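# Understanding the architecture of this molecule
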Amino acid sequence: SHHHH
Amino acid sequence: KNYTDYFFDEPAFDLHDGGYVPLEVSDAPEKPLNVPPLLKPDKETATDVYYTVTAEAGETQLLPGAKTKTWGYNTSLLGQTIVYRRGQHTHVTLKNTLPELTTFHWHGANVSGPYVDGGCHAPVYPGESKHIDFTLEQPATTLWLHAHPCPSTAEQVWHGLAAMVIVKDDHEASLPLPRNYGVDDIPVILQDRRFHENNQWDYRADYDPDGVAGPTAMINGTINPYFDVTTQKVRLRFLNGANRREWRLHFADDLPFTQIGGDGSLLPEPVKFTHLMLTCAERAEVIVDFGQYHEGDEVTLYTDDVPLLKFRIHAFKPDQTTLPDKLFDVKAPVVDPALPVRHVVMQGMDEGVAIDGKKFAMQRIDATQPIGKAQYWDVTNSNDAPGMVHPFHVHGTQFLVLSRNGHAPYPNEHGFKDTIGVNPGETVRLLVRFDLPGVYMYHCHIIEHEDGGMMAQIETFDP
Amino acid sequence: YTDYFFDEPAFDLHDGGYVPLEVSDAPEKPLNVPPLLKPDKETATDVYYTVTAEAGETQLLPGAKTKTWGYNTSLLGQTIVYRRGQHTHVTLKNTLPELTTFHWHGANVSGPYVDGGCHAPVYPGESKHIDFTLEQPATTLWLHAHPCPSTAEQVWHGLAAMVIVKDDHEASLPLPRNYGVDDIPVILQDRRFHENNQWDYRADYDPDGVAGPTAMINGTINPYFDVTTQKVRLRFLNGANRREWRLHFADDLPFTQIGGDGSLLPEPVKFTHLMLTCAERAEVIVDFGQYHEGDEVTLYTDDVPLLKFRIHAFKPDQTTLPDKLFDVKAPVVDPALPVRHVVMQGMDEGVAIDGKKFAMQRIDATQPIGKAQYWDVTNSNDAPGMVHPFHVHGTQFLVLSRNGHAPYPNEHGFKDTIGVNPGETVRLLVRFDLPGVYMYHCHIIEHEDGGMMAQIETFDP
Ligand SMILES: [Cu+2]
Ligand SMILES: [Cu+2]
Ligand SMILES: [Cu+2]
Ligand SMILES: [Cu+2]
Ligand SMILES: [Cu+2]
Ligand SMILES: [Cu+2]
Ligand SMILES: [Cu+2]
Ligand SMILES: [Cu+2]
């Protein structure tokens, strides 16, 4: 579910 | 929610840079992570070890088609891992079979300068052999060997001259830590490159005075690596061997992992992480527990939103072992009260980089400090408006981090370090003691900044 | 003087790795004559110059422009005029993406900053100032890069420029002196071209000397020169990394040498064939008197054509050269001082001077300023061997003997570079006017970078 920046 | 996870200042991250190069996933087929073999001693006893380290040129299959022209130590790219032991007299023949002169720097190793240290003043010409002798009196840790001509350190590292150095001792050996090199304890040397036509590198074509960075991640000289896990717990020795890029490490699903070591030593106490940021030259040793996973599972380490390294999970024995609350006793020197506070100011970016108002001069001594006596260093990164994180490094010492802008160090900075990222506008207070006499460099370890002259030298003496 | 002075067995063309010159298929075109660098300011007692190392592009062949470096232009450099006794102020500016150095080859200037050798870095974007007053005879010097390493890589990129030094004596002599018309640089170099007309020093690297097959004259391929006068002055500079030039015309047209590295020759010397090793200079006069409009005379090295001279109509001019050009005042050697021995040794990777490779922070020798000493310089290497052009910073020396015999006919003037044949000991008379740290080395540039280089400190007693 989670993407970074 | 809407915080950055990592300890450094989010506005200063490398990815806010004008000339920032994002990583791109390569098409290259996935393949086993190259684990550099352990360099076999020439001979060994309990008191003496003998090694031959050979800078050489060659070719390395990295991408499909033509092999990449590369440099390495006792291998075509990077280097065989070199094991040193505290208290063991260590003897090294340095041999240069490159067509250019080089230098053998043991980053983080407390050895005499300037010859043993292998900095700017220790040339080894093509075809020449040098002999060095030393006995390490420092705790177990992960160091590394890289080239260090002044200039160009950046070119030669880019060519491929970097190698992991593992320092052993009795204390670390007594800890319940994964230690089967290549099976449950591995180097993870993090680098990037740009591949041109015929899969070749070209440093000068890619040159940028503010740091060189290519789109292709390279781990132990492997593109799109996977590692086959056969144990529950795995130790990863992260080394940032990139010219400039910062790594923001985390698993796809935020699998926790515990840091047990830094540049110069084990941490005093294990520190639990979800997200870990490394600047250039920093090492961080972590334990990952794959207990939640099952045969067939493939778990990926990312940097930001880019996949780096895959962990293929196979059957593994239950591991019930548990880390102690304290790993290592950190014995801080007392500050010699006779000595003042040394102030080191890192300034500029791009072409204007400097330390304390000047660019490095080979022949110029910038500083003196007595051996055996410990001094506070206040290291400031003066540029702010939009700024960048400068990894400050000193030769011939493992220092301690006392404070950041008058506040606590980051949670993973309570052991011995040799490289610290300094945020824009920030002053960090380090506790620096040199054991041996010599001439030692101190500089920013963004390697283009190094070569651009953001570097000074200190002469240590016996009083 | 019909054949070359140096030992034939030792010529570059006997090396195992020899690269012959080949005539390029590129179009013939006018010889580039570098413009004179215009001063920023000038009076009679002061001159002010800005010299900028820059990176650019040059049409050398059809298609893509070659990536080059130069001073105040994309390749080579604008010629720089200095005057004996004039206080010279130079801003040294570096717009390269790499650090460099500004070495004035043959200039009697203080070391090691002004000399601009190994110890005078200038980083990208940085400026430096230098001040000097030349107190030496008129001659042709040159400027080139001198980071240690790599001088070879930077020269290869194109950092070299002719420096002309004026004095009253030379002004009063009857010599062609109209820059770009009857008095021209002949900067002799070679290069190897790769895909897209690019250079790649490191691909072409050889530790014994780098040489490509295509000759390059003042950064021109296949040049011709339009002669509009009977007499022409050529200022020959060997700016090759390694190649020797063996110079002669068709019809064995004679030419007369008036100048060497450091000064006018004491007397003019008539030539049919002339050899130059790395960094040597030779100013010659060519007389085209016996040729008519539309005639064509070619300058060759060995069997290879280099430069076509096209003869147009010229006013007659037969005003000949005096028997004596220049008065050479040899200093008395100091009898206090001993004979210094310098031994150049090895080839390829084993090149060395007096047993050791160059070290930046080691001083290898000392000598008092104002005091002259015999330097015996030996080329020790046996069997086949090479001619090593030995060069000393901070001085113009005199040549006394070669293996106990007379120097070559063109070596009675001041020189800063001398070719030492295999097995040969040459005796030099060396004096330093100024204190500093000056290097001495072979001027085969790969050998310099390969460590065949030492350094001497001069001090006031
Ligand atoms: Cu380092
Ligand atoms: Cu270091
Ligand atoms: Cu920096
Ligand atoms: Cu360093
Ligand atoms: Cu020179
Ligand atoms: Cu010189
Ligand atoms: Cu030589
Ligand atoms: Cu020189």
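As stated in the entry header, the method of structure determination is X-ray crystallography and the reported resolution is 2.60 Å.

## Thoughts on the overall build of chain B
Secondary structure summary: chain B contains 3 helices and 32 strands in total. For 463 residues, the compact-globule estimate of 2.2 N^0.38 gives 23 Å, and chain B sits close to it at 21 Å. Projecting the C-alpha coordinates of chain B onto the three principal axes gives extents of approximately 60 × 55 × 50 Å.

## Points about the interface of chain B and chain C
Residue-level contacts link 21 residues of chain B with 22 residues of chain C. Together chain B and chain C conceal approximately 1600 Å² of surface at their shared face, both sides included; 53% is due to carbon and sulfur atoms. For chain B, the biggest contributors to the area lost against chain C are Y125, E351 and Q363 of chain B; these three give 34% of the whole. At the junction of chain B with chain C, the criterion picks out 2 salt bridges. Residue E100 of chain B is joined to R202 of chain C by a salt bridge in which the shortest nitrogen-to-oxygen separation is 3.7 Å. The tally of links from chain B across to chain C stands at 3 residue pairs in polar contact.

## Things to note about the sheet that holds strand β1 (residues 29-30) of chain C
All names here are of chain C. Taken together, 6 strands build an open sheet; the order of strands is β1-β14-β22-β21-β16-β19 and the sheet is mixed. Single-partner strands in this sheet number two, and they are β1 and β19 (274-276). Sheet analysis places strand β21 (residues 296-301) next to strand β22 (residues 304-311), joined by 6 bridges and oriented antiparallel. When the bridges of β22 are listed, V297 appears paired with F309.

## Concerning the UniProt feature "domain: Plastocyanin-like" (unreviewed entry) in chain B
All names here are of chain B. Here, the residues flagged by UniProt with the feature "domain: Plastocyanin-like" (unreviewed entry) are residues 58-170 and 336-459. Measuring from the first to the last C-alpha atom of residues 58-170 gives 38 Å, for a span that is 7% helix and 41% strand. Spanning residues 336-459, this segment combines 4% helix with 41% strand, and its end C-alpha atoms are found 18 Å apart.

## Points about the sheet that holds strand β22 (residues 306-313) of chain B
Reading across from one edge, β1-β14-β22-β21-β16-β19 (chain B) is the order of the 6 strands in this open sheet, with mixed pairing throughout. In this open sheet, the two edge strands, each paired with only one partner strand, are β1 (31-32) and β19 (276-278) of chain B.

## A short note on the pairing of strand β14 (residues 225-229) of chain B
All names here are of chain B. Buried residues dominate β14, accounting for 4 of its 5 residues. Relative to β14, β1 runs parallel, the two sharing 2 bridges. Paired with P32 across the two strands is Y226, which belongs to β14. Looking at chain direction, β14 and β22 are connected through 4 bridges and run parallel. Note that in β22 the partner of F227 across the bridge is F311.

## Considerations on the pairing of strand β14 (residues 223-227) of chain C
Residues and elements named next belong to chain C. Burial analysis of β14 places 4 of its 5 residues in the buried class, the great majority of the element. Note that β1 and β14 share 2 bridges and pair parallel. Considered in β14, the bridge of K29 is made with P223. As defined by bridge partners, β14 adjoins β22 across 4 bridges and the pair is classed as parallel. Across the sheet, the residue bridging to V227 is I311, located in β22.

## Quick look at the domain arrangement of chain C
All names here are of chain C. Split by domain assignment, chain C resolves into domain 1 (12-166), domain 2 (174-311) and domain 3 (340-459). When each unit is reduced to the centre of its C-alpha atoms, the spacing between domain 1 and domain 3 is 23 Å. Each side of the interface is counted separately: domain 1 has 25 residues, and domain 3 has 25 residues. Carbon and sulfur atoms supply 57% of the area buried between domain 1 and domain 3, which totals about 1800 Å² over both sides. Together, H105, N108 and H119 form the three largest contributors to the area buried by domain 1 at its contact with domain 3, with a combined 28%. Inspection of the region where domain 1 meets domain 3 yields 0 salt bridges. Linking domain 1 to domain 3 there are 15 residue pairs in polar contact. For the side of domain 1 that touches domain 3, the secondary-structure elements that each account for two or more residues are β8 (103-105), β10 (139-144) and α1 (151-157). A class-by-class count of the residues in the side of domain 1 that touches domain 3 yields 11 nonpolar, 13 polar and 1 charged.

## Description of the coordination of the copper ion (ligand 5)
Residue and element names in this part refer to chain C. For the copper ion (ligand 5), the full set of protein donor atoms is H105 (ND1), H144 (NE2) and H443 (NE2), at a range of 2.0 to 2.2 Å. Every donor residue of the copper ion (ligand 5) comes from the same chain, spaced as H-x38-H-x298-H. A separation of 3.6 Å is found between the copper ion (ligand 5) and the copper ion (ligand 6). One end of the pair, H105, is in strand β8; the other, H144, is in strand β10, with 39 residues separating them in the sequence. Assigned by exposure class, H105 and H144 land together as buried.

## Some words on the coordination of the copper ion (ligand 3)
All names here are of chain B. The copper ion (ligand 3) binds to the protein through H390 (ND1), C444 (SG) and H449 (ND1); the donor distances cover 2.0 to 2.5 Å. Each donor residue of the copper ion (ligand 3) lies on one chain, and together they are spaced H-x53-C-x4-H. Of this pair, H390 sits in strand β27 (residues 390-394) while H449 sits in helix α3 (residues 447-451); the two residues are 59 residues apart in sequence, bridging distant segments of the chain. Each of the two residues, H390 as well as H449, counts as buried.

## Describing the packing of aromatic side chains
All names here are of chain B. Inspection of the entire model under this criterion finds 47 aromatic pairs over all chains. Centre to centre, the rings of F227 and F311 are 6.5 Å apart; their planes meet at 85°, and the pair counts as edge-to-face. Here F227, found in strand β14, pairs with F311, found in strand β22; they are 84 residues apart in sequence, far enough to count as distant. Assigned by exposure class, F227 and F311 land together as buried. Between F257 and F273, the aromatic rings sit 6.2 Å apart at their centres with planes inclined by 20°, giving stacked as the arrangement. Note that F257 is positioned in strand β17 (residues 257-261) and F273 in strand β18 (residues 266-273), a separation of 16 residues in sequence. On the accessibility criterion, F273 (5% relative accessible area) is buried.

What counts and how
Residues numbered from 1 in each chain as written, not as in the entry; some residues may be left out. Chains lettered and ligands numbered in written order. Heavy atoms only, no water. Residues with missing side-chain atoms left out of burial classes, pairs and counts. Helix = DSSP H or I, 4+ residues; strand = E, 2+ residues; numbered from the N terminus. Rg over C-alpha atoms; globule rule 2.2 N^0.38 Å. Contact = heavy atoms within 4.5 Å. Buried area = accessible area lost by both parts, 1.4 Å probe. Salt bridge = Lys/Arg side-chain N within 4 Å of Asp/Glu carboxyl O. Polar contact = N/O pair within 3.5 Å; in protein donor to acceptor, adjacent residues only side chain to side chain. Pairing = 2+ DSSP bridges. UniProt positions renumbered as here; feature names shortened; annotations may be inferred. Buried < 20%, exposed > 50% of the residue type's maximum accessible area, 1.4 Å probe, protein only. Domains from an automatic or database assignment. Nonpolar A, V, L, I, M, F, W, Y, C, P; charged D, E, K, R; others polar. Donors = N, O, S within 2.8 Å, 3.2 Å for Na, K, Ca; no water. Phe/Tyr/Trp six-rings, centres within 6.5 Å; stacked < 30°, edge-to-face > 60°.

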